[PDB]
Structure formats: structure tokens, C-alpha cells
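As stored in target.txt (compact mmCIF, C-alpha atoms):
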```txt
# COMPACT_ATOMS: atom_id res chain seq x y z
CA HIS Z 51 -0.96 -23.40 10.23
CA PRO Z 52 -4.72 -23.51 10.98
CA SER Z 53 -4.33 -23.59 14.76
CA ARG Z 54 -6.27 -20.55 16.04
CA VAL Z 55 -10.08 -20.73 16.07
CA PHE Z 56 -12.17 -18.19 17.98
CA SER Z 57 -15.58 -18.89 19.51
CA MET Z 58 -18.35 -16.33 20.01
CA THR Z 59 -21.61 -16.75 21.89
CA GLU Z 60 -24.75 -15.88 19.94
CA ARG Z 61 -28.50 -16.31 20.26
CA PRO Z 62 -29.65 -18.92 17.70
CA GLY Z 63 -33.31 -18.60 18.56
CA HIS Z 64 -35.93 -18.77 21.28
CA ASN Z 65 -37.98 -21.48 22.98
CA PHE Z 66 -41.51 -21.18 21.58
CA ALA Z 67 -43.00 -24.08 23.54
CA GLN Z 68 -46.26 -23.42 25.37
CA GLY Z 69 -45.81 -21.66 28.69
CA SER Z 70 -47.29 -22.71 32.02
CA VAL Z 71 -50.99 -21.85 32.15
CA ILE Z 72 -52.21 -20.27 35.39
CA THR Z 73 -55.95 -20.56 35.98
CA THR Z 74 -57.02 -17.38 37.76
CA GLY Z 75 -60.77 -17.14 37.15
CA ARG Z 76 -60.38 -13.56 35.91
CA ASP Z 77 -62.45 -12.62 32.86
CA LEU Z 78 -59.81 -10.39 31.24
CA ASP Z 79 -57.06 -13.06 31.42
CA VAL Z 80 -56.36 -14.76 28.08
CA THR Z 81 -53.80 -17.37 27.02
CA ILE Z 82 -53.08 -18.62 23.51
CA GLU Z 83 -53.92 -22.31 23.11
CA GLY Z 84 -50.93 -23.79 21.34
CA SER Z 85 -49.01 -21.67 18.87
CA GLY Z 86 -50.10 -18.12 18.08
CA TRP Z 87 -49.43 -14.52 19.05
CA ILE Z 88 -51.28 -11.36 20.06
CA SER Z 89 -50.55 -8.31 17.91
CA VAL Z 90 -49.95 -5.15 19.95
CA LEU Z 91 -48.34 -1.76 19.36
CA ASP Z 92 -45.74 -0.45 21.79
CA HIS Z 93 -45.20 3.08 23.11
CA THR Z 94 -43.56 4.27 19.89
CA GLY Z 95 -46.32 2.78 17.74
CA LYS Z 96 -44.54 -0.01 15.88
CA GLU Z 97 -46.63 -3.17 15.93
CA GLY Z 98 -45.33 -6.44 17.33
CA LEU Z 99 -46.29 -9.84 18.64
CA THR Z 100 -46.76 -10.67 22.31
CA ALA H 2 48.54 -5.21 -2.72
CA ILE H 3 48.92 -4.58 1.03
CA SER H 4 45.72 -2.53 1.47
CA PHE H 5 43.17 -2.26 4.35
CA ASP H 6 40.44 -3.80 2.11
CA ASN H 7 42.50 -7.03 1.77
CA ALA H 8 44.03 -6.90 5.29
CA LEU H 9 40.65 -6.65 7.01
CA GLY H 10 38.79 -9.02 4.71
CA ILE H 11 35.00 -8.85 4.96
CA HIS H 12 35.10 -8.58 8.76
CA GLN H 13 34.97 -4.79 8.39
CA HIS H 14 31.44 -5.04 6.94
CA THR H 15 30.00 -7.90 9.02
CA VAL H 16 30.06 -5.84 12.23
CA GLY H 17 27.82 -3.25 10.58
CA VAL H 18 25.33 -5.84 9.32
CA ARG H 19 25.06 -7.45 12.76
CA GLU H 20 24.26 -4.00 14.15
CA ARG H 21 21.56 -3.44 11.52
CA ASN H 22 20.17 -6.92 12.19
CA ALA H 23 20.04 -6.21 15.93
CA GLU H 24 18.17 -2.95 15.27
CA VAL H 25 15.52 -4.72 13.18
CA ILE H 26 14.98 -7.43 15.81
CA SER H 27 14.66 -4.72 18.46
CA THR H 28 12.02 -3.04 16.28
CA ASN H 29 10.09 -6.30 15.90
CA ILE H 30 9.97 -6.95 19.66
CA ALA H 31 8.87 -3.38 20.42
CA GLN H 32 6.21 -3.40 17.68
CA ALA H 33 4.88 -6.82 18.71
CA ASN H 34 1.77 -5.36 20.36
CA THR H 35 1.00 -2.63 17.81
CA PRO H 36 -1.63 -3.98 15.37
CA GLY H 37 -1.03 -3.78 11.64
CA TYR H 38 2.76 -3.92 11.95
CA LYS H 39 4.38 -6.53 9.71
CA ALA H 40 7.54 -8.19 11.03
CA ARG H 41 10.62 -7.09 9.08
CA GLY H 42 13.49 -9.44 8.33
CA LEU H 43 16.95 -8.56 7.03
CA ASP H 44 18.61 -10.68 4.34
CA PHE H 45 22.25 -11.28 5.26
CA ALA H 46 23.36 -12.00 1.68
CA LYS H 47 21.97 -8.64 0.52
CA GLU H 48 24.30 -6.64 2.79
CA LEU H 49 27.03 -9.06 1.71
CA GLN H 50 26.39 -7.95 -1.87
CA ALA H 51 26.16 -4.32 -0.73
CA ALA H 52 29.56 -4.76 0.93
CA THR H 53 31.28 -6.31 -2.10
CA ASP H 77 17.05 -6.13 1.92
CA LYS H 78 14.58 -5.26 4.70
CA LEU H 79 12.12 -8.00 3.75
CA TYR H 80 8.94 -9.27 5.41
CA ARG H 81 8.60 -12.40 7.54
CA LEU H 82 5.79 -14.76 6.61
CA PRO H 83 3.96 -15.94 9.76
CA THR H 84 3.78 -19.57 10.83
CA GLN H 85 0.47 -18.95 12.62
CA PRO H 86 -2.51 -16.74 11.69
CA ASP H 87 -3.07 -13.38 13.31
CA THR H 88 -5.81 -12.73 15.88
CA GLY H 89 -7.29 -9.61 14.30
CA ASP H 90 -4.27 -7.38 14.96
CA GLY H 91 -2.50 -8.23 11.72
CA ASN H 92 0.79 -8.28 13.65
CA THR H 93 3.13 -10.99 12.35
CA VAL H 94 5.75 -10.86 15.14
CA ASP H 95 6.57 -14.11 16.95
CA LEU H 96 8.31 -13.19 20.20
CA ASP H 97 9.74 -16.71 20.55
CA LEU H 98 11.51 -16.30 17.20
CA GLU H 99 12.73 -12.75 17.86
CA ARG H 100 14.43 -13.60 21.16
CA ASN H 101 16.31 -16.52 19.59
CA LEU H 102 17.32 -14.43 16.56
CA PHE H 103 18.49 -11.62 18.84
CA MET H 104 20.55 -14.06 20.93
CA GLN H 105 22.19 -15.55 17.84
CA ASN H 106 22.98 -12.14 16.34
CA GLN H 107 24.54 -10.88 19.58
CA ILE H 108 26.79 -13.94 19.88
CA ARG H 109 27.89 -13.66 16.25
CA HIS H 110 28.41 -9.91 16.64
CA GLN H 111 30.96 -10.48 19.42
CA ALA H 112 32.81 -13.02 17.25
CA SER H 113 33.00 -10.50 14.40
CA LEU H 114 34.53 -7.96 16.79
CA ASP H 115 37.05 -10.60 17.86
CA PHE H 116 37.89 -11.40 14.23
CA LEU H 117 38.17 -7.78 13.12
CA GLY H 118 39.93 -6.73 16.32
CA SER H 119 42.67 -9.32 15.86
CA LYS H 120 43.22 -8.12 12.28
CA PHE H 121 44.75 -4.90 13.60
CA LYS H 122 46.55 -6.64 16.47
CA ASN H 123 48.37 -8.88 14.00
CA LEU H 124 48.85 -5.92 11.64
CA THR H 125 50.43 -3.78 14.37
CA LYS H 126 52.72 -6.62 15.47
CA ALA H 127 54.00 -7.06 11.91
CA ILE H 128 54.86 -3.37 11.58
CA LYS H 129 56.40 -2.83 15.01
CA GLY H 130 58.04 -6.26 15.16
CA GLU H 131 57.22 -6.49 18.87
```
Structure encoded using C-alpha cells:
Amino acid sequence: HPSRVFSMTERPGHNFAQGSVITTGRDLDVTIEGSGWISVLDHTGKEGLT
Amino acid sequence: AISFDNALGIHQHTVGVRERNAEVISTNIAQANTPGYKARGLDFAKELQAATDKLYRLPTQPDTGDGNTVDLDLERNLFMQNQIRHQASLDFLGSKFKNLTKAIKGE
């Protein structure tokens, strides 16, 4: 009889809504207006979005 | 006539089958937690034919990844029934000799 059904928790995605913008007056502080990413390479060297 | 085969009937074989059945049920209960073990059932009519086998039990519920098809609720009931019937077979076969001895000795 089909009586036993398991459930597993999984990550379906991420929340890509715009984060809270903090005005700091610093020249080297940048925030992406709307959607978009900054391409950076980590310690190993593989590129990725941040 | 007048031979032990006819005097004892089939009660001489039933006691053995009830012992084999009890062994299989004991195996099923012990192997209930070991994954991959398939519950074994004994067909009574097969040992009846052998007197005059070791099958598999199809589960009523799915496994949980173990593959073990032993239902401990079923095994306890089947062990209780076999033990009760085993004692009756001893009573039946035991009285066969008690009547047989009384006929010979006349007392």
C-alpha cells in the first residue's frame, strides 16, 4: 500500500531582490542598481559573481 | 496392517513442521533490523506433501530503504499461533502411544 512518503529539505533557490542600500559617502563603495552582478575571482582563481 | 505409520497418523510429522515453522519465524524476528533480508515463509502443505517450501513473504507496506520485508506485528502473531498448535500436536501424538500402550497391556 502507498502509505510511506519521505520528505527531505532542499534549497530551491535564493532571494535575488535588491538589498538594503546604505549611503556612506565613501568613494570606493558601489552598489548595483537593480539586477546585476560584479564578476570577481576568488583565492583559487575561478571567476564568480558577487 | 497394525503399523506405527497408521497408528500414529500424520501427527508424527506435524510436530516437526511446527518446529521448522517456529525456527523460520524466529529468524524473521531476529533479522528484522538487518537491511536487505527478505522475510521467509514456510508453506505448510509442502511439508505435508514431503511427509506423505521456504518461500518469500510479499510485504503489505513498502520498505524504507532497508529492503527488509519483515513485519514484526505479523511475526509475533504467527509465532503465537504456531506455539499453540505445536502443543496440541504433542497432545495428539502423545495420546497415540498412551492409547497404544493401554491396548497392549490391558491396564
Closest contacts (chain H/chain Z, max 8 Å, only C-alpha atoms) as a Markdown table:
```
| residue | atom | partner | partner_atom | distance |
| --- | --- | --- | --- | --- |
| H:84 | CA | Z:51 | CA | 6.1 |
| H:85 | CA | Z:51 | CA | 5.2 |
| H:86 | CA | Z:54 | CA | 6.9 |
| H:88 | CA | Z:54 | CA | 7.8 |
```
remark   = If you count all atoms listed in the file, the residue of H:37, H:129, H:12, H:27 closest to residue 96 in chain H turns out to be H:27
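One distance worth recording is that between CA of residue 53 in chain H and CA of residue 120 in chain H, which is 18.8 Å.
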key: Separation of CA of residue 103 in chain H from CA of residue 24 in chain H in Å   =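 Value for the CA of residue 24 in chain H-CA of residue 103 in chain H distance: 9.4 Å.
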query = Any idea what the distance is between CA of residue 19 in chain H and CA of residue 104 in chain H?
reply = 11.4 Å
key: Counting only C-alpha atoms, the option among H:21, H:9, H:3, H:15 closest to residue 109 in chain H   =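 Of all the options, H:15 lies closest to residue 109 in chain H.
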key: Residue among Z:89, Z:100, Z:57, Z:81 lying closest to residue 69 in chain Z, counting all atoms listed in the file   =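 The closest residue to residue 69 in chain Z is Z:81.
Proximity to residue 22 in chain H was assessed for H:119, H:42, H:83, H:94 counting all atoms listed in the file; the smallest distance is recorded for H:42.
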task = Fewer than 4 positions away in the same chain doesn't count, so skip those; otherwise give me all residues within 9 Å of residue 107 in chain H, counting all atoms listed in the file, as a VMD selection string.
result = chain H and resid 19 to 20 23 102 to 103 111 to 112
File dump, residues just selected, C-alpha atoms, as a compact mmCIF listing (two decimals), in the coordinates of the input:
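Below you can see again.txt, which holds the result:
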```txt
# COMPACT_ATOMS: atom_id res chain seq x y z
CA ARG H 19 25.06 -7.45 12.76
CA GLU H 20 24.26 -4.00 14.15
CA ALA H 23 20.04 -6.21 15.93
CA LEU H 102 17.32 -14.43 16.56
CA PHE H 103 18.49 -11.62 18.84
CA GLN H 111 30.96 -10.48 19.42
CA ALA H 112 32.81 -13.02 17.25
```
Please, can range 71-99 of chain Z be completed to N, CA and C atoms and returned as an mmCIF file, in the coordinates of the input?
```cif
data_model
loop_
_atom_site.group_PDB
_atom_site.id
_atom_site.type_symbol
_atom_site.label_atom_id
_atom_site.label_comp_id
_atom_site.auth_asym_id
_atom_site.auth_seq_id
_atom_site.Cartn_x
_atom_site.Cartn_y
_atom_site.Cartn_z
ATOM 1 N N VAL Z 71 -49.706 -22.541 32.092
ATOM 2 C CA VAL Z 71 -50.990 -21.850 32.150
ATOM 3 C C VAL Z 71 -51.431 -21.742 33.604
ATOM 4 N N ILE Z 72 -51.784 -20.532 34.023
ATOM 5 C CA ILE Z 72 -52.210 -20.270 35.390
ATOM 6 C C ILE Z 72 -53.695 -19.941 35.348
ATOM 7 N N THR Z 73 -54.520 -20.838 35.881
ATOM 8 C CA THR Z 73 -55.950 -20.560 35.980
ATOM 9 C C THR Z 73 -56.199 -19.587 37.122
ATOM 10 N N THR Z 74 -56.782 -18.436 36.790
ATOM 11 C CA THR Z 74 -57.020 -17.380 37.760
ATOM 12 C C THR Z 74 -58.481 -17.021 37.938
ATOM 13 N N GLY Z 75 -59.368 -17.481 37.059
ATOM 14 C CA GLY Z 75 -60.770 -17.140 37.150
ATOM 15 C C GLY Z 75 -61.111 -15.726 36.756
ATOM 16 N N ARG Z 76 -60.138 -14.949 36.285
ATOM 17 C CA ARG Z 76 -60.380 -13.560 35.910
ATOM 18 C C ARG Z 76 -60.828 -13.494 34.453
ATOM 19 N N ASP Z 77 -61.845 -12.670 34.192
ATOM 20 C CA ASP Z 77 -62.450 -12.620 32.860
ATOM 21 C C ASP Z 77 -61.483 -12.076 31.819
ATOM 22 N N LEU Z 78 -60.693 -11.065 32.180
ATOM 23 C CA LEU Z 78 -59.810 -10.390 31.240
ATOM 24 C C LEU Z 78 -58.429 -11.041 31.153
ATOM 25 N N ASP Z 79 -58.304 -12.307 31.542
ATOM 26 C CA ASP Z 79 -57.060 -13.060 31.420
ATOM 27 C C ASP Z 79 -57.204 -14.039 30.262
ATOM 28 N N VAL Z 80 -56.307 -13.942 29.285
ATOM 29 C CA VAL Z 80 -56.360 -14.760 28.080
ATOM 30 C C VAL Z 80 -55.001 -15.407 27.861
ATOM 31 N N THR Z 81 -55.014 -16.653 27.393
ATOM 32 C CA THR Z 81 -53.800 -17.370 27.020
ATOM 33 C C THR Z 81 -54.018 -18.030 25.673
ATOM 34 N N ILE Z 82 -52.978 -18.035 24.842
ATOM 35 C CA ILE Z 82 -53.080 -18.620 23.510
ATOM 36 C C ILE Z 82 -52.959 -20.134 23.627
ATOM 37 N N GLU Z 83 -53.965 -20.848 23.129
ATOM 38 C CA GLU Z 83 -53.920 -22.310 23.110
ATOM 39 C C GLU Z 83 -53.004 -22.761 21.985
ATOM 40 N N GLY Z 84 -51.894 -23.401 22.346
ATOM 41 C CA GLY Z 84 -50.930 -23.790 21.340
ATOM 42 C C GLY Z 84 -50.191 -22.594 20.773
ATOM 43 N N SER Z 85 -49.748 -22.732 19.526
ATOM 44 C CA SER Z 85 -49.010 -21.670 18.870
ATOM 45 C C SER Z 85 -49.938 -20.515 18.494
ATOM 46 N N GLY Z 86 -49.361 -19.331 18.393
ATOM 47 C CA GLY Z 86 -50.100 -18.120 18.080
ATOM 48 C C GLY Z 86 -49.572 -16.949 18.887
ATOM 49 N N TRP Z 87 -49.899 -15.744 18.424
ATOM 50 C CA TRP Z 87 -49.430 -14.520 19.050
ATOM 51 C C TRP Z 87 -50.576 -13.522 19.143
ATOM 52 N N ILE Z 88 -50.383 -12.508 19.980
ATOM 53 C CA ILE Z 88 -51.280 -11.360 20.060
ATOM 54 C C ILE Z 88 -50.546 -10.150 19.515
ATOM 55 N N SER Z 89 -51.165 -9.466 18.558
ATOM 56 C CA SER Z 89 -50.550 -8.310 17.910
ATOM 57 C C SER Z 89 -50.868 -7.057 18.718
ATOM 58 N N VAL Z 90 -49.820 -6.367 19.163
ATOM 59 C CA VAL Z 90 -49.950 -5.150 19.950
ATOM 60 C C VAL Z 90 -48.958 -4.124 19.430
ATOM 61 N N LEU Z 91 -49.241 -2.854 19.701
ATOM 62 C CA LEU Z 91 -48.340 -1.760 19.360
ATOM 63 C C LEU Z 91 -47.758 -1.165 20.630
ATOM 64 N N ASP Z 92 -46.453 -0.908 20.607
ATOM 65 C CA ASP Z 92 -45.740 -0.450 21.790
ATOM 66 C C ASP Z 92 -45.913 1.059 21.955
ATOM 67 N N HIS Z 93 -45.097 1.650 22.834
ATOM 68 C CA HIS Z 93 -45.200 3.080 23.110
ATOM 69 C C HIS Z 93 -44.911 3.911 21.867
ATOM 70 N N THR Z 94 -43.884 3.534 21.101
ATOM 71 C CA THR Z 94 -43.560 4.270 19.890
ATOM 72 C C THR Z 94 -44.673 4.168 18.853
ATOM 73 N N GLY Z 95 -45.246 2.979 18.694
ATOM 74 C CA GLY Z 95 -46.320 2.780 17.740
ATOM 75 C C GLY Z 95 -46.092 1.608 16.809
ATOM 76 N N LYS Z 96 -44.853 1.131 16.734
ATOM 77 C CA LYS Z 96 -44.540 -0.010 15.880
ATOM 78 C C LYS Z 96 -45.218 -1.265 16.417
ATOM 79 N N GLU Z 97 -45.902 -1.985 15.532
ATOM 80 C CA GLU Z 97 -46.630 -3.170 15.930
ATOM 81 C C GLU Z 97 -45.678 -4.338 16.180
ATOM 82 N N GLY Z 98 -46.132 -5.277 17.001
ATOM 83 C CA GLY Z 98 -45.330 -6.440 17.330
ATOM 84 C C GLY Z 98 -46.182 -7.503 17.977
ATOM 85 N N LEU Z 99 -45.601 -8.690 18.091
ATOM 86 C CA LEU Z 99 -46.290 -9.840 18.640
ATOM 87 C C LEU Z 99 -45.947 -10.020 20.114
#
```
